[PDB]
Structures are given as C-alpha cells and as structure tokens.
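Trainee: my_file_1.txt is reproduced below (compact mmCIF, C-alpha atoms).
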# COMPACT_ATOMS: atom_id res chain seq x y z
CA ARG A 395 -35.98 -11.33 20.97
CA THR A 396 -33.82 -8.25 20.48
CA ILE A 397 -30.40 -9.15 19.07
CA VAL A 398 -27.22 -7.56 20.44
CA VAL A 399 -24.67 -6.63 17.76
CA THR A 400 -21.13 -6.07 19.00
CA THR A 401 -18.84 -3.62 17.20
CA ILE A 402 -15.88 -1.29 17.76
CA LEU A 403 -15.17 2.44 17.52
CA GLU A 404 -13.19 2.99 14.31
CA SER A 405 -13.37 5.71 11.68
CA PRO A 406 -15.20 5.53 9.34
CA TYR A 407 -16.94 2.33 10.49
CA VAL A 408 -18.46 3.47 13.81
CA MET A 409 -18.32 7.12 14.90
CA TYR A 410 -19.85 9.03 17.77
CA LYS A 411 -22.25 11.68 16.53
CA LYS A 412 -21.77 15.36 17.32
CA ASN A 413 -24.60 15.27 19.89
CA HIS A 414 -24.26 11.62 20.91
CA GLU A 415 -24.45 12.41 24.63
CA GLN A 416 -27.96 13.77 23.98
CA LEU A 417 -28.95 10.59 22.10
CA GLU A 418 -29.75 7.04 23.20
CA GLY A 419 -29.49 3.75 21.33
CA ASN A 420 -28.52 3.29 17.69
CA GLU A 421 -28.92 7.04 17.08
CA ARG A 422 -25.64 7.70 18.93
CA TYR A 423 -23.42 6.11 16.28
CA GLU A 424 -22.68 6.75 12.61
CA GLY A 425 -20.36 5.27 10.02
CA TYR A 426 -20.08 2.53 7.43
CA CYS A 427 -20.75 -0.36 9.81
CA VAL A 428 -23.90 1.07 11.41
CA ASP A 429 -25.38 1.45 7.92
CA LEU A 430 -24.24 -2.09 7.11
CA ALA A 431 -25.93 -3.43 10.25
CA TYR A 432 -29.08 -1.46 9.42
CA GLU A 433 -29.25 -2.96 5.93
CA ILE A 434 -28.48 -6.47 7.21
CA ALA A 435 -31.23 -6.24 9.84
CA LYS A 436 -33.57 -4.84 7.20
CA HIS A 437 -32.95 -7.87 4.98
CA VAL A 438 -33.28 -10.49 7.72
CA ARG A 439 -36.13 -9.27 9.90
CA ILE A 440 -34.47 -8.64 13.28
CA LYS A 441 -34.23 -5.76 15.74
CA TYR A 442 -30.67 -5.03 16.84
CA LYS A 443 -28.92 -3.20 19.67
CA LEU A 444 -25.45 -1.90 18.79
CA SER A 445 -22.94 -2.50 21.59
CA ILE A 446 -19.34 -1.28 21.49
CA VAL A 447 -16.96 -3.97 22.75
CA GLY A 448 -15.89 -3.33 26.32
CA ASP A 449 -12.11 -3.59 25.95
CA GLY A 450 -11.96 -2.01 22.48
CA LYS A 451 -10.11 -4.88 20.80
CA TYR A 452 -10.74 -6.98 17.70
CA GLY A 453 -9.91 -10.40 19.12
CA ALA A 454 -6.90 -12.59 19.88
CA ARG A 455 -6.27 -15.82 21.77
CA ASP A 456 -3.98 -15.49 24.77
CA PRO A 457 -0.99 -17.86 24.39
CA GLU A 458 -1.17 -18.93 28.06
CA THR A 459 -4.66 -18.03 29.30
CA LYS A 460 -6.14 -19.50 26.08
CA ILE A 461 -9.13 -17.15 26.35
CA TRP A 462 -10.31 -14.91 23.52
CA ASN A 463 -10.85 -11.17 23.92
CA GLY A 464 -12.48 -8.46 21.86
CA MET A 465 -15.36 -9.16 19.50
CA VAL A 466 -14.28 -12.77 18.92
CA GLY A 467 -14.44 -13.24 22.68
CA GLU A 468 -17.85 -11.56 22.70
CA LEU A 469 -19.15 -13.99 20.08
CA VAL A 470 -17.53 -17.19 21.39
CA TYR A 471 -18.87 -16.87 24.94
CA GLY A 472 -22.44 -16.03 23.94
CA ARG A 473 -22.36 -12.34 24.91
CA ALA A 474 -23.10 -11.21 21.34
CA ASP A 475 -25.03 -12.41 18.30
CA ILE A 476 -23.54 -10.55 15.31
CA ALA A 477 -20.26 -8.66 14.83
CA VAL A 478 -20.87 -5.94 12.22
CA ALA A 479 -17.39 -4.42 12.35
CA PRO A 480 -14.12 -4.33 10.40
CA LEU A 481 -13.29 -7.87 11.51
CA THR A 482 -10.79 -9.65 9.27
CA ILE A 483 -11.39 -13.21 8.07
CA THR A 484 -8.50 -15.31 9.39
CA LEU A 485 -7.89 -19.02 9.86
CA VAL A 486 -7.59 -18.80 13.65
CA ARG A 487 -10.89 -16.92 13.89
CA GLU A 488 -12.70 -19.07 11.32
CA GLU A 489 -12.21 -22.11 13.57
CA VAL A 490 -14.23 -20.60 16.45
CA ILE A 491 -16.72 -18.29 14.70
CA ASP A 492 -18.68 -18.23 11.45
CA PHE A 493 -17.65 -15.56 8.93
CA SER A 494 -19.92 -14.45 6.12
CA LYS A 495 -18.55 -13.65 2.69
CA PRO A 496 -16.30 -10.56 2.60
CA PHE A 497 -18.08 -7.22 2.38
CA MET A 498 -14.89 -5.20 1.83
CA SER A 499 -11.46 -6.00 0.42
CA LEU A 500 -8.26 -4.65 1.94
CA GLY A 501 -4.61 -5.42 2.63
CA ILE A 502 -1.76 -4.66 4.98
CA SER A 503 -0.06 -1.38 4.11
CA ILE A 504 2.62 0.92 5.51
CA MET A 505 1.84 4.46 6.69
CA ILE A 506 4.60 7.07 6.96
CA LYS A 507 4.67 10.82 7.44
CA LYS A 508 4.48 12.86 4.25
CA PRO A 509 7.85 13.83 2.80
CA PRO A 514 15.07 21.06 -7.37
CA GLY A 515 18.84 21.40 -7.09
CA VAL A 516 21.14 24.23 -8.10
CA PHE A 517 21.87 22.43 -11.39
CA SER A 518 18.17 22.05 -12.28
CA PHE A 519 18.88 23.95 -15.52
CA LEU A 520 20.65 20.76 -16.66
CA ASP A 521 17.49 18.62 -16.32
CA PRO A 522 15.48 18.80 -19.60
CA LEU A 523 18.16 16.66 -21.27
CA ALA A 524 19.51 13.29 -20.19
CA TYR A 525 23.05 12.89 -18.88
CA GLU A 526 23.95 10.84 -21.96
CA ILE A 527 22.77 13.74 -24.14
CA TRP A 528 25.08 16.14 -22.30
CA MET A 529 28.02 13.76 -22.64
CA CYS A 530 27.34 13.28 -26.36
CA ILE A 531 26.97 17.05 -26.79
CA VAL A 532 30.41 17.60 -25.27
CA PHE A 533 31.90 14.86 -27.46
CA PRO B 636 12.70 7.09 1.71
CA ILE B 637 10.63 3.89 2.00
CA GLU B 638 9.00 2.15 -0.97
CA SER B 639 8.52 -1.48 0.15
CA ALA B 640 8.45 -3.65 3.25
CA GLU B 641 11.99 -4.85 2.50
CA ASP B 642 13.31 -1.29 2.73
CA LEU B 643 11.48 -0.87 6.04
CA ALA B 644 12.95 -4.12 7.36
CA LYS B 645 16.54 -3.35 6.34
CA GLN B 646 16.63 0.16 7.82
CA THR B 647 17.00 0.79 11.55
CA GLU B 648 16.48 4.50 12.30
CA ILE B 649 12.73 4.30 11.57
CA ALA B 650 10.80 1.93 13.83
CA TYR B 651 7.53 0.28 12.88
CA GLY B 652 4.62 -1.27 14.72
CA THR B 653 0.99 -2.35 14.58
CA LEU B 654 -2.00 -3.12 16.78
CA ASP B 655 -1.50 -5.28 19.87
CA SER B 656 -4.38 -7.70 19.18
CA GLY B 657 -5.37 -7.56 15.52
CA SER B 658 -4.96 -9.53 12.32
CA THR B 659 -1.73 -7.76 11.31
CA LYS B 660 0.05 -8.77 14.53
CA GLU B 661 -0.72 -12.46 14.05
CA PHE B 662 0.01 -12.08 10.34
CA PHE B 663 3.58 -11.11 11.21
CA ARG B 664 3.73 -13.57 14.11
CA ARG B 665 3.11 -16.70 12.01
CA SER B 666 4.67 -15.57 8.72
CA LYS B 667 7.22 -17.95 7.20
CA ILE B 668 8.71 -15.42 4.76
CA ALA B 669 12.22 -14.21 5.57
CA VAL B 670 11.47 -10.48 5.37
CA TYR B 671 8.29 -10.80 7.43
CA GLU B 672 10.12 -13.04 9.91
CA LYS B 673 12.76 -10.32 10.28
CA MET B 674 10.06 -7.68 10.75
CA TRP B 675 8.31 -9.79 13.40
CA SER B 676 11.58 -10.34 15.24
CA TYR B 677 12.25 -6.60 15.18
CA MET B 678 8.78 -5.70 16.45
CA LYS B 679 8.85 -8.37 19.17
CA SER B 680 12.31 -7.26 20.33
CA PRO C 636 -13.34 25.33 -5.41
CA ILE C 637 -17.08 24.55 -5.58
CA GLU C 638 -18.61 23.80 -8.97
CA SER C 639 -22.03 22.26 -8.18
CA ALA C 640 -24.66 21.86 -5.48
CA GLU C 641 -23.32 18.40 -4.59
CA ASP C 642 -19.96 19.94 -3.69
CA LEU C 643 -21.65 21.94 -0.94
CA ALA C 644 -23.16 18.79 0.57
CA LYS C 645 -19.97 16.74 0.24
CA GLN C 646 -17.78 19.21 2.19
CA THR C 647 -17.73 20.60 5.73
CA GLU C 648 -15.43 23.65 5.84
CA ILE C 649 -17.83 25.94 3.95
CA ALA C 650 -21.20 26.76 5.49
CA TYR C 651 -24.36 27.70 3.61
CA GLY C 652 -27.81 29.02 4.34
CA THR C 653 -30.84 30.88 3.03
CA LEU C 654 -33.64 33.18 4.19
CA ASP C 655 -35.57 32.15 7.29
CA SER C 656 -38.96 32.66 5.60
CA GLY C 657 -38.92 32.13 1.85
CA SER C 658 -39.50 29.69 -0.96
CA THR C 659 -35.89 28.46 -0.79
CA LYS C 660 -36.16 27.29 2.82
CA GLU C 661 -39.35 25.37 2.04
CA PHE C 662 -37.82 23.93 -1.14
CA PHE C 663 -34.93 22.56 0.90
CA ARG C 664 -37.27 21.40 3.68
CA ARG C 665 -39.77 19.42 1.60
CA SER C 666 -37.36 18.13 -1.06
CA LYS C 667 -36.92 14.37 -1.47
CA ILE C 668 -33.76 14.25 -3.61
CA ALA C 669 -31.05 12.80 -1.42
CA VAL C 670 -28.53 15.63 -1.76
CA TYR C 671 -31.23 18.21 -1.03
CA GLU C 672 -32.43 16.68 2.25
CA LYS C 673 -28.76 16.15 3.10
CA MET C 674 -28.03 19.86 2.84
CA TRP C 675 -31.37 20.63 4.51
CA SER C 676 -30.52 18.49 7.54
CA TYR C 677 -27.09 20.13 7.62
CA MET C 678 -28.41 23.67 8.05
CA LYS C 679 -31.46 22.64 10.09
CA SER C 680 -29.06 22.09 13.01
CA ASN D 730 -0.38 -4.20 -0.02
CA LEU D 731 1.53 -6.89 1.84
CA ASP D 732 -1.33 -9.31 1.08
CA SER D 733 -5.00 -9.48 0.11
CA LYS D 734 -7.86 -10.32 2.48
CA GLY D 735 -11.19 -8.88 3.58
CA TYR D 736 -13.59 -7.99 6.37
CA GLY D 737 -16.47 -10.25 7.34
CA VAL D 738 -19.62 -10.36 9.44
CA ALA D 739 -19.05 -12.88 12.21
CA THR D 740 -21.63 -14.97 14.09
CA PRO D 741 -21.08 -17.68 16.72
CA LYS D 742 -20.60 -21.20 15.41
CA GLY D 743 -23.88 -23.04 15.01
CA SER D 744 -25.94 -19.85 15.20
CA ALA D 745 -29.18 -19.67 13.23
CA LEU D 746 -28.27 -16.25 11.79
CA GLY D 747 -25.30 -17.39 9.71
CA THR D 748 -27.12 -18.30 6.51
CA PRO D 749 -29.52 -15.29 6.58
CA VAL D 750 -26.62 -12.91 7.23
CA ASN D 751 -24.55 -14.44 4.42
CA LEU D 752 -27.46 -14.10 1.99
CA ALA D 753 -28.02 -10.52 3.18
CA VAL D 754 -24.36 -9.72 2.50
CA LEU D 755 -24.64 -11.25 -0.98
CA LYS D 756 -27.84 -9.28 -1.66
CA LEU D 757 -26.19 -6.03 -0.58
CA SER D 758 -23.17 -6.81 -2.76
CA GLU D 759 -25.17 -7.55 -5.92
CA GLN D 760 -27.44 -4.51 -5.53
CA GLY D 761 -24.47 -2.13 -5.25
CA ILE D 762 -25.31 -1.12 -1.68
CA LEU D 763 -21.83 -1.94 -0.38
CA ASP D 764 -20.20 0.03 -3.20
CA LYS D 765 -22.31 3.14 -2.58
CA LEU D 766 -21.74 2.87 1.18
CA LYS D 767 -17.98 2.79 0.60
CA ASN D 768 -18.17 5.76 -1.78
CA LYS D 769 -20.29 7.65 0.75
CA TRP D 770 -17.96 7.01 3.69
CA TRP D 771 -14.47 7.08 2.11
CA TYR D 772 -14.40 9.10 -1.12
CA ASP D 773 -17.27 11.58 -0.79
CA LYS D 774 -15.88 12.66 2.61
CA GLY D 775 -12.42 13.64 1.37
CA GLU D 776 -11.36 16.97 2.87
CA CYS D 777 -7.88 17.31 1.44
CA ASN E 730 -14.52 -2.38 -12.83
CA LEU E 731 -18.30 -2.18 -12.67
CA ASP E 732 -18.52 -4.29 -9.49
CA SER E 733 -16.46 -6.36 -7.06
CA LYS E 734 -16.82 -10.11 -6.52
CA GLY E 735 -14.66 -13.22 -6.43
CA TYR E 736 -14.21 -16.83 -7.45
CA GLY E 737 -15.14 -19.67 -5.14
CA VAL E 738 -14.53 -23.40 -4.92
CA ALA E 739 -18.05 -24.82 -5.14
CA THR E 740 -19.33 -28.00 -3.50
CA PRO E 741 -22.81 -29.53 -3.30
CA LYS E 742 -24.96 -28.28 -0.44
CA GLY E 743 -24.47 -30.30 2.73
CA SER E 744 -21.42 -32.12 1.36
CA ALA E 745 -18.81 -33.34 3.83
CA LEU E 746 -16.09 -31.55 1.83
CA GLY E 747 -17.42 -28.05 2.53
CA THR E 748 -15.63 -26.98 5.72
CA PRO E 749 -12.34 -28.80 4.88
CA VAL E 750 -12.21 -27.09 1.47
CA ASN E 751 -13.01 -23.71 3.04
CA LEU E 752 -10.24 -24.18 5.60
CA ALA E 753 -7.84 -25.31 2.86
CA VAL E 754 -8.59 -22.18 0.82
CA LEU E 755 -8.03 -20.01 3.89
CA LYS E 756 -4.76 -21.80 4.68
CA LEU E 757 -3.52 -21.34 1.11
CA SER E 758 -4.50 -17.67 1.35
CA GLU E 759 -2.56 -16.97 4.55
CA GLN E 760 0.61 -18.73 3.36
CA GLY E 761 0.76 -16.70 0.14
CA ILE E 762 0.12 -19.68 -2.14
CA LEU E 763 -2.71 -17.96 -4.02
CA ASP E 764 -0.66 -14.80 -4.56
CA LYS E 765 2.30 -16.87 -5.78
CA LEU E 766 0.10 -18.84 -8.18
CA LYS E 767 -1.44 -15.65 -9.57
CA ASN E 768 2.00 -14.12 -10.16
CA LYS E 769 3.21 -17.34 -11.78
CA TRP E 770 0.25 -17.65 -14.14
CA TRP E 771 -0.30 -13.95 -14.93
CA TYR E 772 2.75 -11.72 -14.51
CA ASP E 773 5.88 -13.86 -14.44
CA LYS E 774 4.44 -15.33 -17.67
CA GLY E 775 3.91 -11.84 -19.12
CA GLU E 776 4.59 -12.12 -22.89
CA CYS E 777 4.24 -8.40 -23.71
Represent the structure contained in this file as structure tokens.
Mentor:
Amino acid sequence: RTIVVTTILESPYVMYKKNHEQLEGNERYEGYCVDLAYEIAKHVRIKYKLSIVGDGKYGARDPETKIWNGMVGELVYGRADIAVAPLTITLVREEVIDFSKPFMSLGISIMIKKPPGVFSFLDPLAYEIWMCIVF
Amino acid sequence: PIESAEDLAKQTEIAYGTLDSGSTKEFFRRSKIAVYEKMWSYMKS
Amino acid sequence: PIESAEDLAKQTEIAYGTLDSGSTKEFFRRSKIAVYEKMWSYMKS
Amino acid sequence: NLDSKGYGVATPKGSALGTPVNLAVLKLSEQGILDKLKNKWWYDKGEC
Amino acid sequence: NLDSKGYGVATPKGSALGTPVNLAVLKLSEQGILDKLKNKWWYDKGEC
C-alpha cells in the first residue's frame, strides 16, 4: 500500500532539518525534492515514505559486475517505487527505467575558486588614441 | 584564468574532476569530441 | 540592507522578534499570508 | 554549459505509476509550481 | 520568459514508433546533434 520513494542527500534537493534527530518520517527532510514528492503524491493519490539511498550514489552500471548501484539500482531491483531526486535523464538509464518529462533544466559547468596597475592613469583613452596624440 | 573547457583541457597545473558514479562521468567517458576525449583521458589517468 | 518585510523572511543572519504578550504576536500567530506565517514559524522556535 | 539536459522522476520499467507521475509532472509544470519551488529554494535563499 | 517548456516529436498513442523515436531523440541529444543543428540554423546563420 505505502509507496517507498528513494532519494539522495543533496542541497537544495533533500536536506536534514535542524532538529531532524528529534523527528521521524518525512518531517526529517526538507528541500526542493521533498516538496516535489509531496506535490506528486498529492496529485496521484498515494502515501509515500522517503528513503535516502543506502550508498549515496546516483546510479551507474559496473563494467565487469554488470550490476547497477544507487537509485537506478534501487529502482531496477524492485527495492523502490519512485525516485524523486536530481536524477539526470540519460540513454543508459532510459533503457532500464522509465523517466518522466524533465522537471528542471541544467547543464555541465565548471566550478573554480573566486579570483589596477601603476599606469592606470593611462586607461580612459585607447592605446591608438595615445599613439595618435603623440603623432 | 579559465573561460572554457578547452582552456581547462590545455592547461596542466589545475586539475579537474567530477563525481565517481554520476551522469557527468559517463558523459566524459563516452564523448566522441576531441576536447572531451582529452579531458576524459586526463581524468582517467 | 533590508527594505521590506519579505527581506526579513528571506534571510537568516538577522533575527527578529516582538513582545511576548501583545497584538503583534497574535497578528503573526494567526496570520494566513504566506510570508507572515513563515516569519511566525521562524521566531516560534 | 557543456551541454543541455534535465532531471527526471524515474520509475521501474512497466510500473503502473509512470503515466500518473508523468501527468503530475506536467500539471505541476503548467501551474507554475515547479517555477515557484525553484525560486523558493535557489534564489530566495541567496545569502551572498 | 514567462514559463519553461519544450518541443517534442509526437506520435499516436500506442504506436510502435514511440520508444524507438524517444531513444533516437535521446541519442541525438547525447551526441550533440541537436546542439549542432540549433547553432547551424540559428547562430551560424546570424544575418545581423
């Protein structure tokens, strides 16, 4: 009857609350994805039980073992019903699980750490202007 | 210092990485573009 | 830095409160406008 | 961005929840619920 | 923009071309074909 919904700990999708240790069930977590799961289960009449994935991974097929892990492994082997999480739609995943339409767009990006001269008086004019002024 | 992925791939003093099992890792793994192939070779090695 | 009541609810570094027994505490307690119960639940705990 | 893609709600193949979940996602998208959730959790919580 | 959505390649409900077309769209997406086509037909052809 009750439907288990796998997910992963990731800001701002699923977060532990400030007093999560004093709370039990879906009240422990907060974020974008818990609200998304709440709205989804409000639309289709189901009662859900959020469950963080055991190994804390998103899902990949082992080249040799040929066994999925993460949330894709949770879904493939019947240990979960719905994966409300930042799970990317990919060709390798689409062949083993069913993805709904995208609920958020994104892309791969590079993250780096954040980070005037003595002749700054020479700046408000272009170098060509200075050369032409001398000429 | 860095403005594109090509600049990141050409340089050597600044390393780069990603998640072990996530869509970016397999994106670089099975990419057929020269710059992304170079980046995958660097990250694998 | 703050210019409205929504700025108080949207931030975390600056705290806010009111009298323990007064019309303001009850206004925040029984309000049903989302920002108001947001800032009420903030200072309730 | 190195490419363009998106997140999805995944269910096991052949599950009975696929169509209802897809329609729920579409309903949330058209009502603006996804947009306001993103504004609530990314932009409104900027502390910088 | 007032909202976010996208174009889809539509087929009749229950048609045998559904899943193959979906997989073809995904394959074209991962290989950069869609991005290349958009650049070719929008930017590279910029006339301003």
Trainee: Least-squares fit on all C-alpha atoms, paired in order: put chain C onto chain B and return it as a compact mmCIF listing (two decimals) with C-alpha atoms, keeping the file's coordinate frame.
Mentor:
# COMPACT_ATOMS: atom_id res chain seq x y z
CA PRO C 636 12.68 7.37 1.48
CA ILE C 637 10.87 4.02 1.90
CA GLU C 638 9.30 2.44 -1.17
CA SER C 639 8.56 -1.18 -0.13
CA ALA C 640 8.16 -3.49 2.85
CA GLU C 641 11.75 -4.73 2.46
CA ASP C 642 13.03 -1.19 3.01
CA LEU C 643 11.52 -1.23 6.50
CA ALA C 644 13.35 -4.45 7.37
CA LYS C 645 16.65 -3.35 5.82
CA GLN C 646 16.92 -0.12 7.87
CA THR C 647 17.19 0.75 11.56
CA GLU C 648 16.47 4.48 12.02
CA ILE C 649 12.72 4.18 11.38
CA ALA C 650 10.60 2.12 13.76
CA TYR C 651 7.35 0.36 12.92
CA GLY C 652 4.54 -1.42 14.69
CA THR C 653 0.91 -2.50 14.61
CA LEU C 654 -2.04 -3.15 16.92
CA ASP C 655 -1.42 -5.35 19.96
CA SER C 656 -4.45 -7.56 19.23
CA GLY C 657 -5.35 -7.81 15.56
CA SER C 658 -4.94 -9.78 12.37
CA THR C 659 -1.79 -7.84 11.43
CA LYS C 660 0.12 -8.87 14.56
CA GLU C 661 -0.75 -12.53 13.97
CA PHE C 662 0.12 -12.24 10.27
CA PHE C 663 3.57 -10.97 11.20
CA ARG C 664 3.91 -13.55 13.98
CA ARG C 665 3.07 -16.70 12.02
CA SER C 666 4.54 -15.65 8.66
CA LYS C 667 7.34 -17.75 7.15
CA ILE C 668 8.62 -15.39 4.44
CA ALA C 669 12.07 -14.31 5.53
CA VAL C 670 11.50 -10.55 5.45
CA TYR C 671 8.26 -10.94 7.41
CA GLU C 672 9.74 -12.91 10.32
CA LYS C 673 12.66 -10.47 10.20
CA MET C 674 10.39 -7.51 10.82
CA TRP C 675 8.37 -9.58 13.30
CA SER C 676 11.46 -10.38 15.38
CA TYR C 677 12.43 -6.70 15.18
CA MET C 678 9.25 -5.42 16.83
CA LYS C 679 8.82 -8.45 19.11
CA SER C 680 11.69 -7.03 21.19
Trainee: All in-order C-alpha pairs, least squares, chain E moved onto chain D. Output the fitted coordinates as an mmCIF file with C-alpha atoms, in the coordinates of the input, please.
Mentor:
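Result file follows (selection_33.cif):
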data_model
loop_
_atom_site.group_PDB
_atom_site.id
_atom_site.type_symbol
_atom_site.label_atom_id
_atom_site.label_comp_id
_atom_site.auth_asym_id
_atom_site.auth_seq_id
_atom_site.Cartn_x
_atom_site.Cartn_y
_atom_site.Cartn_z
ATOM 1 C CA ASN E 730 -0.292 -4.222 -0.075
ATOM 2 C CA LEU E 731 1.543 -7.135 1.507
ATOM 3 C CA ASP E 732 -1.452 -9.494 1.219
ATOM 4 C CA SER E 733 -5.119 -9.654 0.240
ATOM 5 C CA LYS E 734 -7.993 -10.412 2.618
ATOM 6 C CA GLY E 735 -11.350 -8.973 3.618
ATOM 7 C CA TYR E 736 -13.746 -8.084 6.401
ATOM 8 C CA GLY E 737 -16.531 -10.416 7.435
ATOM 9 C CA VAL E 738 -19.688 -10.238 9.517
ATOM 10 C CA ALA E 739 -18.993 -12.761 12.276
ATOM 11 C CA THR E 740 -21.544 -14.918 14.086
ATOM 12 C CA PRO E 741 -21.151 -17.695 16.661
ATOM 13 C CA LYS E 742 -20.599 -21.159 15.226
ATOM 14 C CA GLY E 743 -23.854 -22.979 14.544
ATOM 15 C CA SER E 744 -25.966 -19.859 15.084
ATOM 16 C CA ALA E 745 -29.280 -19.606 13.250
ATOM 17 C CA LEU E 746 -28.257 -16.186 11.888
ATOM 18 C CA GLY E 747 -25.379 -17.520 9.781
ATOM 19 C CA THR E 748 -26.958 -18.279 6.396
ATOM 20 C CA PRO E 749 -29.438 -15.333 6.520
ATOM 21 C CA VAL E 750 -26.587 -12.903 7.250
ATOM 22 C CA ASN E 751 -24.464 -14.427 4.476
ATOM 23 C CA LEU E 752 -27.339 -14.090 2.013
ATOM 24 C CA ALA E 753 -27.976 -10.515 3.179
ATOM 25 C CA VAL E 754 -24.322 -9.604 2.600
ATOM 26 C CA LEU E 755 -24.453 -11.159 -0.866
ATOM 27 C CA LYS E 756 -27.687 -9.315 -1.678
ATOM 28 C CA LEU E 757 -26.204 -5.995 -0.550
ATOM 29 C CA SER E 758 -23.141 -6.756 -2.677
ATOM 30 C CA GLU E 759 -25.069 -7.423 -5.891
ATOM 31 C CA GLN E 760 -27.280 -4.331 -5.551
ATOM 32 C CA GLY E 761 -24.293 -2.001 -5.153
ATOM 33 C CA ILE E 762 -25.106 -1.060 -1.555
ATOM 34 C CA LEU E 763 -21.603 -1.852 -0.287
ATOM 35 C CA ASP E 764 -19.956 0.143 -3.077
ATOM 36 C CA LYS E 765 -22.285 3.088 -2.411
ATOM 37 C CA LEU E 766 -21.563 2.983 1.323
ATOM 38 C CA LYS E 767 -17.808 2.875 0.712
ATOM 39 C CA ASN E 768 -17.995 5.882 -1.622
ATOM 40 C CA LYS E 769 -20.167 7.751 0.878
ATOM 41 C CA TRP E 770 -17.878 7.112 3.841
ATOM 42 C CA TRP E 771 -14.497 7.358 2.074
ATOM 43 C CA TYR E 772 -14.468 9.426 -1.116
ATOM 44 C CA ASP E 773 -17.550 11.634 -1.218
ATOM 45 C CA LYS E 774 -16.411 12.665 2.290
ATOM 46 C CA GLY E 775 -12.877 13.360 1.029
ATOM 47 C CA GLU E 776 -11.585 16.371 3.034
ATOM 48 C CA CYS E 777 -8.268 16.787 1.175
#
Trainee: Would you mind listing what lies within 10 Å of residue D:747 as a ChimeraX atom specification, with only C-alpha atoms counted and same-chain residues fewer than 5 positions away left out?
Mentor: /A:475-476,491-494 /D:738-742,752-753
Trainee: Got a sec: who's within 8 Å of stretch 674-677 of chain B, counting only C-alpha atoms, leaving out chain neighbours fewer than 3 positions off, as a list in words?
Mentor: residues 644, 663, 664, 670, 671 and 680 of chain B
Trainee: One number please: atom CA of residue A:479 to atom CA of residue A:401, in Å, one decimal.
Mentor: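 Computing the Euclidean distance for atom CA of residue A:479 and atom CA of residue A:401 yields 5.1 Å.
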Trainee: Sort by chain and increasing residue number a table of all residues of chain B within 9 Å of chain E, each with its closest pair of atoms and their distance in Å to one decimal, counting all atoms listed in the file, and write it as a Markdown table.
Mentor:
| residue | atom | partner | partner_atom | distance |
| --- | --- | --- | --- | --- |
| B:662 | CA | E:759 | CA | 8.0 |
| B:666 | CA | E:760 | CA | 7.4 |
| B:667 | CA | E:760 | CA | 7.7 |
| B:668 | CA | E:760 | CA | 8.9 |
Trainee: Compute the chain E side of the contact with chain A at 12 Å, counting only C-alpha atoms, and hand it back as a PyMOL selection string.
Mentor: chain E and resi 732-737+748-749+751-760
Trainee: Mind giving me the straight-line distance from atom CA of residue A:409 to atom CA of residue A:470 in Å, one decimal?
Mentor: 25.2 Å
Trainee: Can you measure atom CA of residue D:730 to atom CA of residue B:647 for me? One decimal in Å is fine.
Mentor: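 Separating atom CA of residue D:730 from atom CA of residue B:647 is a distance of 21.5 Å.
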Trainee: For stretch 651-670 of chain C, what centre and edge lengths in Å (one decimal) does the axis-aligned box get once 5 Å is added on each side of all its listed atoms, as JSON?
Mentor:
{"center_x": -32.1, "center_y": 23.0, "center_z": 1.8, "size_x": 25.4, "size_y": 30.4, "size_z": 20.9}
Trainee: Compute the set of chain B residues within 8 Å of chain A, using only C-alpha atoms, and express it as a count of residues only.
Mentor: 5
Trainee: For chain E, which residue among D:750, D:765, D:744, D:773 is the nearest when counting all atoms listed in the file?
Mentor: D:765
Trainee: When you count only C-alpha atoms, which of these residues is closest to residue D:731: A:530, A:438, A:500, A:465?
Mentor: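 Distance minimum relative to residue D:731 lands on A:500.
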Trainee: Taking the structure in the block just given, could you write stretch 669-680 of chain C with N, CA, C and O atoms, as a PDB file, in the first residue's frame?
Mentor:
ATOM      1  N   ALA C 669       1.427  34.009   3.359  1.00  0.00           N
ATOM      2  CA  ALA C 669       2.494  33.011   3.462  1.00  0.00           C
ATOM      3  C   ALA C 669       3.737  33.563   4.151  1.00  0.00           C
ATOM      4  O   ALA C 669       4.331  32.899   5.010  1.00  0.00           O
ATOM      5  N   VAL C 670       4.138  34.786   3.800  1.00  0.00           N
ATOM      6  CA  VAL C 670       5.332  35.373   4.400  1.00  0.00           C
ATOM      7  C   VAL C 670       5.142  35.542   5.904  1.00  0.00           C
ATOM      8  O   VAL C 670       6.080  35.367   6.691  1.00  0.00           O
ATOM      9  N   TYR C 671       3.914  35.853   6.328  1.00  0.00           N
ATOM     10  CA  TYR C 671       3.677  36.128   7.742  1.00  0.00           C
ATOM     11  C   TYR C 671       3.753  34.862   8.587  1.00  0.00           C
ATOM     12  O   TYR C 671       4.376  34.871   9.652  1.00  0.00           O
ATOM     13  N   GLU C 672       3.152  33.754   8.137  1.00  0.00           N
ATOM     14  CA  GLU C 672       3.327  32.520   8.898  1.00  0.00           C
ATOM     15  C   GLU C 672       4.746  31.985   8.756  1.00  0.00           C
ATOM     16  O   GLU C 672       5.235  31.281   9.643  1.00  0.00           O
ATOM     17  N   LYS C 673       5.437  32.328   7.665  1.00  0.00           N
ATOM     18  CA  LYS C 673       6.850  31.974   7.567  1.00  0.00           C
ATOM     19  C   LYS C 673       7.654  32.631   8.683  1.00  0.00           C
ATOM     20  O   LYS C 673       8.369  31.955   9.439  1.00  0.00           O
ATOM     21  N   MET C 674       7.527  33.951   8.825  1.00  0.00           N
ATOM     22  CA  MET C 674       8.271  34.627   9.880  1.00  0.00           C
ATOM     23  C   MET C 674       7.722  34.325  11.267  1.00  0.00           C
ATOM     24  O   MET C 674       8.454  34.482  12.245  1.00  0.00           O
ATOM     25  N   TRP C 675       6.465  33.891  11.374  1.00  0.00           N
ATOM     26  CA  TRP C 675       5.941  33.438  12.657  1.00  0.00           C
ATOM     27  C   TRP C 675       6.547  32.105  13.069  1.00  0.00           C
ATOM     28  O   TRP C 675       6.925  31.925  14.232  1.00  0.00           O
ATOM     29  N   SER C 676       6.641  31.160  12.133  1.00  0.00           N
ATOM     30  CA  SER C 676       7.252  29.873  12.436  1.00  0.00           C
ATOM     31  C   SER C 676       8.748  30.013  12.661  1.00  0.00           C
ATOM     32  O   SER C 676       9.348  29.177  13.347  1.00  0.00           O
ATOM     33  N   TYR C 677       9.372  31.046  12.089  1.00  0.00           N
ATOM     34  CA  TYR C 677      10.787  31.267  12.368  1.00  0.00           C
ATOM     35  C   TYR C 677      11.012  31.597  13.840  1.00  0.00           C
ATOM     36  O   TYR C 677      11.838  30.967  14.508  1.00  0.00           O
ATOM     37  N   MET C 678      10.282  32.585  14.365  1.00  0.00           N
ATOM     38  CA  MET C 678      10.520  33.032  15.732  1.00  0.00           C
ATOM     39  C   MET C 678       9.733  32.240  16.763  1.00  0.00           C
ATOM     40  O   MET C 678       9.948  32.437  17.965  1.00  0.00           O
ATOM     41  N   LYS C 679       8.825  31.364  16.333  1.00  0.00           N
ATOM     42  CA  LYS C 679       8.174  30.461  17.274  1.00  0.00           C
ATOM     43  C   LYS C 679       9.188  29.513  17.899  1.00  0.00           C
ATOM     44  O   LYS C 679       9.119  29.217  19.098  1.00  0.00           O
ATOM     45  N   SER C 680      10.141  29.036  17.103  1.00  0.00           N
ATOM     46  CA  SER C 680      11.218  28.166  17.568  1.00  0.00           C
ATOM     47  C   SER C 680      12.541  28.879  17.306  1.00  0.00           C
ATOM     48  O   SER C 680      13.132  28.732  16.232  1.00  0.00           O
TER      49      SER C 680
END
